[PDB]
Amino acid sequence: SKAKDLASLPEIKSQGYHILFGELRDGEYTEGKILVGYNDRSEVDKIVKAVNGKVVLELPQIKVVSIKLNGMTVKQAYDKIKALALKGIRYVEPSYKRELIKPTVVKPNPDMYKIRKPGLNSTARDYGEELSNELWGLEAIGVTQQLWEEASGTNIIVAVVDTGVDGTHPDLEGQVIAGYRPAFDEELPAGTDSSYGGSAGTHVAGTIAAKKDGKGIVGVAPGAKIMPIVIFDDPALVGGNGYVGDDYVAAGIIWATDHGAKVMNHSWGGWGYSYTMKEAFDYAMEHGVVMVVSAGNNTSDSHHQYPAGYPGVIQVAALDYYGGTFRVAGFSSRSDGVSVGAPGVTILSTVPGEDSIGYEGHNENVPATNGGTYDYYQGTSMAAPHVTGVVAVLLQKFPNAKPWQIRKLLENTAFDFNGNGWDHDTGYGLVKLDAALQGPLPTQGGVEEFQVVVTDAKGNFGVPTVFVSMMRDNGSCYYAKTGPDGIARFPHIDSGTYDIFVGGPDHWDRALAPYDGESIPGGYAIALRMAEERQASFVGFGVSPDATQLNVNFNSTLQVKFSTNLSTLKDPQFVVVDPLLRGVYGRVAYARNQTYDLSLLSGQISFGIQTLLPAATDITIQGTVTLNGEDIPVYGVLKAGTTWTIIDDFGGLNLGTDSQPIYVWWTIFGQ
């Protein structure tokens, strides 16, 4: 609703907090499209009309609708939405930029993991395939033909979320089942070439499940099946670098989950924290699917934070072997989130053939006799598939395992080659399939879900975009942002003791020119000022199946005092109003130099002044707002001929329009 007169506005109850908008960072997001997380699908139609956009994807499984903007930027769409006063919308965000953590080619190395490594004599690498001698990674993780006799991934479907897979490769015959190309809602028939984005996905597929048939190589889980999900498509068809967008990736993840995938392999990422992607990953894990994600690609590219950074995933580091010891590959991003490391250097696997869609070259010296093409790659993207393969084998033996149990089993059985037990480079060590398969499956060490719920003082409204950091001296740290209901969810994380830090709404909507100057907030963030941020710390908090939730109650103080003499005005009153002018929270006689204490109010408000009779001349009204102890000057101008005005640190600023107003607001949580 809108308003024209302040004195005529009715009294209303707290309206909660502002709509949750995804942070906008130059060069970090795709232009012309918005992803809308909703509760009430009908409310999305109010956004479609406001931006006159077109719905291009509906994902009811996670209540998301993607809207194409048709000649408007994301920022402009936010401007059309920010003052609409929607109630059943969870968030509005762009699709963020993501890149594949690209593997690089390396030359074969006959000495790799040899000489006093781990049994390099008398059929050391006897897997039955002609190229077995070169599969040092299988030897490193403890694979043996005898082990496959017990478990090999039978009936387990593995989703390779990547560039697509050349299912026509001879070493993948019978191994690639029906998949999905979300960009075009196109089903990919079993055994077909879907390598639209290049060679990576095929290399991944071979490491995981190349066929055990005496020829070429063999995967970690030769009994498993590969379900290709194309998220890096042909850039000539989808533009950019081929990334299909956070919305289409979510569609692909949902499709894979709905169609039976029990583990997915991911080696891509970007800086943007996406609520949509969080929802998709959590959807898959809630359905019991394990999500393996490669650790970052390097330092220069401080991106690829997500999806690797979402709590619950199994993050994998790349391991090399030289000088008789395992070691982090180097290009592997160091992070406390790394669970385990796996072979990721000189990994021989399947690549698309010369006339296949995703051909990117091959090593012609590989002595294969099946007419197939192979190449040696290095990278964290070469390590993750080893772990995905190990998970597939484990899921055959422990069909009832929950994702946290699979991750803890891997960490509990990893080979600590460094001797320190755990570190930010390789987590708990080298993944070991043989030790992991022995089990048993852990019954303790993790929780299906831990939540941190942040609300205002009385616990009436959840506070959105509050950062929640779970830190500890050793082990993985976790991070998540609260959603519209104030909840930050942590699925399948470790049980144990953490130091948990919570930080007030995120004030990313700066009001100063990046080039060092003065500006104005767009009104996109929940809070407009650093002074509104609240913090809480809970040291030694114990997370376990008996303590799965932490409730945090924010509080604040707010006082306002005006210094201007308004004796020339008729019955001047100080008014606390809704920023959208939907109504008022209270009116009181104006008193110069009188301090009004609003510390008990919670939510988002604006300040105004009204008079019974119109002002004869312009009058500037000035005051001081003391917010959480910080003094902030405020002012506004009551124009001649008018009976009301707004007062704030920007002079009484409407961030919206006359028709759809949204005045600068003050974010508080009560007491």
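Don't overthink the numbering: it's just position in the shown sequence, from 1.
Between the stretches 406 to 414 and 366 to 374, it is 366 to 374 that shows the larger average CA temperature factor. Of the two segments examined, 546 to 554 and 194 to 202, it is 546 to 554 that shows the higher average Cα temperature factor in the deposited entry. Which of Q451, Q76, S332, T497 has the largest Cα B-factor in the deposited entry comes down to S332. Among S599, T380, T346, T465, the highest C-alpha B-factor recorded in the PDB entry belongs to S599.
When the modelled residues of the chain are ordered by their C-alpha B factor, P110 lands in the highest third. Annotation for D571: C-alpha temperature factor in the highest third relative to the rest of the modelled chain, per the entry. The PDB entry assigns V56 a C-alpha temperature factor belonging to the middle third of its chain's modelled residues.
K481: CA B factor lies in the middle third for its chain, per the PDB record. In the deposited entry, the Cα temperature factor of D247 places it in the lowest third of its chain's modelled residues.
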